[PDB]
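Just the one chain here, laid out as structure tokens, in the form deposited in one PDB entry.
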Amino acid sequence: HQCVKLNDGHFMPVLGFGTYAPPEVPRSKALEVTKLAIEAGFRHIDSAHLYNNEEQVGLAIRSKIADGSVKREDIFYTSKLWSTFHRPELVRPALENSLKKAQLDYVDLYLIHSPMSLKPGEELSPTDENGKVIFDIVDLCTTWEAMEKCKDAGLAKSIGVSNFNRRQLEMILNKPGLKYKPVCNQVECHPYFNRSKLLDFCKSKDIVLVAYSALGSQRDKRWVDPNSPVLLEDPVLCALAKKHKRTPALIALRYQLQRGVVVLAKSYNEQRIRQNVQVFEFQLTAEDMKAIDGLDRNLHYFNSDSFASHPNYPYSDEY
């Protein structure tokens, strides 16, 4: 196992456990599989208000601390501010609510989940009389200032963003009176959308790029086009898996580790959870890495097409 030093001095494990499951999956499963992830050796756990599972992920962490399996300081726990809470006065209460649900005193990392602000309220997806999601206009620099106060108050050890493009990152980085840079930008990133340009920008600013959907997403019909290619069926990934006597998933994860990306992996399957930790057991050659670099096709599993008219839609730019 390994960590990366963040630009605020804290350390983030380079392999993280993804916890999202669709609402049809019983919440008891998130409890069970987070315990299995910790037993397998995951120390970085990625949750969010949106996932409706912080209560269970927190219970799993509590249970493994009481086991003597880990200490709280050994676990890197991420939560995320949902887009209906971007107005600055709502940020600290949202974080406090997440902490209360997880029964934790602090999160290791708090992220702005998305730059696309939504109408404030308890509903996650507020909609108007014609069924359209109601956007909000919020200066994300004021949201960031509220995030900074959460770090000063000790409720988040580190703060970062998610789904930001380069221009959106620069707006934070160029903010007058900035106190804390975002430590990371959690974005969709895999061999079919490898974010090389955004990665280079983040590296130049000492911002860690954290990859989600690194195994090609859960392909839920509600949010992912069923005709998109399946990442783990890719011939190059499968040929490399055979060459290294690994699996295409492990190739996809190891690819990110070797280009300096922190990688998340969701699994609710005991054997695949344990398999994913084997990413540390082998290395891709330089030739292998160039072959995978060749797979990019700017394919967004989470394209959020119905939000393409949002002013902060991140894919309005080249990157």
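Residues that one form lacks are left out of the comparison. Rigid core here is just the name for the largest C-alpha set that superposes within 1.5 Å across the two forms. Quick note: we count residues from 1 along the sequence shown, nothing fancier.
Just so it is clear, the following notes concern the form deposited in another entry, a form of the same protein that is not shown.
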Handout entry: Residue among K132, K71, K245, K197 whose Cα moves 2 Å or more between the shown form and the other one, once the rigid core is superposed
Key = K132
Exercise for the section: Once the core is aligned, please say if the CA of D296 is shifted by at least 2 angstroms between the shown form and the other one. Expected result: no
Completion exercise
in that other deposited form the CA atoms of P226 and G131, compared with here and shifted by at least 3 Å, lie closer
Exercise for the section: Explain in one word, closer or farther, how the Cα atoms of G131 and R219 are placed in that other deposited form relative to this form, where the distance changes by 3 Å or more. Expected result: closer
Fill in the blank from the handout: Per-residue Cα shift of 2 Å or more between the shown form and the other one after core superposition, grouped into runs of 3+, gives 127 to 133, 303 to 306
